[PDB]
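Presented below, as structure tokens, is a lone chain in the form deposited in one PDB entry.
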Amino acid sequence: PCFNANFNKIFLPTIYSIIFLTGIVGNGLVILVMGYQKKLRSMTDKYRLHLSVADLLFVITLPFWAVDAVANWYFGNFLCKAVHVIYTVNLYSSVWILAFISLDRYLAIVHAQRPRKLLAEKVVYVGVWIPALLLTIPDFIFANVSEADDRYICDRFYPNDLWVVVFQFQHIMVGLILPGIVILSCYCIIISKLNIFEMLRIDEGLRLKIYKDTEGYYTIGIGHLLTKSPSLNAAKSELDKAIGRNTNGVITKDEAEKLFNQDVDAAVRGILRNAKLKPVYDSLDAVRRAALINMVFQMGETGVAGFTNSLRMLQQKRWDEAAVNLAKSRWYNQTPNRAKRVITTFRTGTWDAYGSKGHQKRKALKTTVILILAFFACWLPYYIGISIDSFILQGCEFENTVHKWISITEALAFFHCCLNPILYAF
């Protein structure tokens, strides 16, 4: 004995039908709106449509799940294998696409050359789509239609419990453990690496030890002067006066930033006194004010004041027009690498020319974190359900409620298909 659920034959078909409509409309929109019209697309937005294709592929099989619940399984043997294969493919792909999104996001922040084009355009197939299909061979073989309880039951029939043990471990590892670690690794490094200081760290360079400037003068950090003396020990004492701790050579990056802020305060005060630069600076925004400071740090205030027409256009909010003027200048002729990045900051009013953290880029990353967590949040209650009864085998009274919740939680977990389209909305 202990080899009947009234409520689950009204809950499950409603939940499947709901996810089916929301999935087919939601995702199908993603597929049509990006798939075709969209021309400026992100690396995340490329994986999000790859993910949308995967979630659409599964939602299409949902009508079969609803019929199999309320009534018999009429669809035959091939469709039993096909419905099992699509679910397998979806399970593996959806999570490992999220692994590629978190992996790409790592290379976007921590490594701002570009081996990301390889990932999104050619690795994604070899690494995600082909293995997901190869992982469907035991679902092609074992899934069959059988007569049980004056009905046709469609599931995977294994010859032994050792096979059940083989495939359950392969699913826990490949489906959840293996990408979960990859996903955690990327975000652990991202949050470890995580504005104006960073800009001048790239442009003027950072040195955490006393060096000889190009005109014979002792400096430390981003060209911060200590004293006016050709000796070595006289400048070493001047550091402790500002820093407040004994160093004897080596200084940290955060003590340096302290000296850098003292020089930015100085650059601002000087700009505010210079009659030509003062009105334009006040009209500019924090991002663009930081670009003007980059120039002032370079050739001085008199040099930046020399760009007459460029200044008025910046106040007149003409970024596109003031851009070509600085390319003809002596500043572009000398150092063209630094010059172009400063003009791009004036052009866009963003930290994009400097790459990684910035404003729009943080929001773009927050979007990626929400999606990944919400995906795990869907599957989480069901995992405890595998886990509780996954080890079982107290009594039949409690075992009836366990297997009941595993049906509900898997059905509610399918909301992960509706996550990506809902996230794009508003």
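One rule holds for the numbers: they count along the sequence shown, beginning at 1. Here the rigid core means the biggest group of C-alpha atoms that line up within 1.5 Å when the two forms are laid on top of each other.
The next section is about a form of this same protein that is not shown, the form deposited in another entry.
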Quick one: lay the two forms over each other on the core and tell me which of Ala120, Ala82, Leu135, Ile293 moves its CA by at least 2 angstroms between this form and the one not shown. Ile293
Would you say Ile220 moves its Cα by 2 Å or more between this form and the one not shown, aligning on the core? yes
Is the shift of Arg156 between this form and the one not shown large enough to count as movement, that is, does its C-alpha move by 2 Å or more after the core is superposed? no
Given a core-based superposition, decide whether the C-alpha of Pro336 shifts by 2 Å or more between this form and the one not shown. yes
Closer or farther in that other deposited form: C-alpha pair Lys340, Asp104 (3 angstroms or more): farther
Given a change of 3 Å or more, say if the Cα atoms of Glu121 and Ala353 sit closer or farther in that other deposited form than in this form. farther
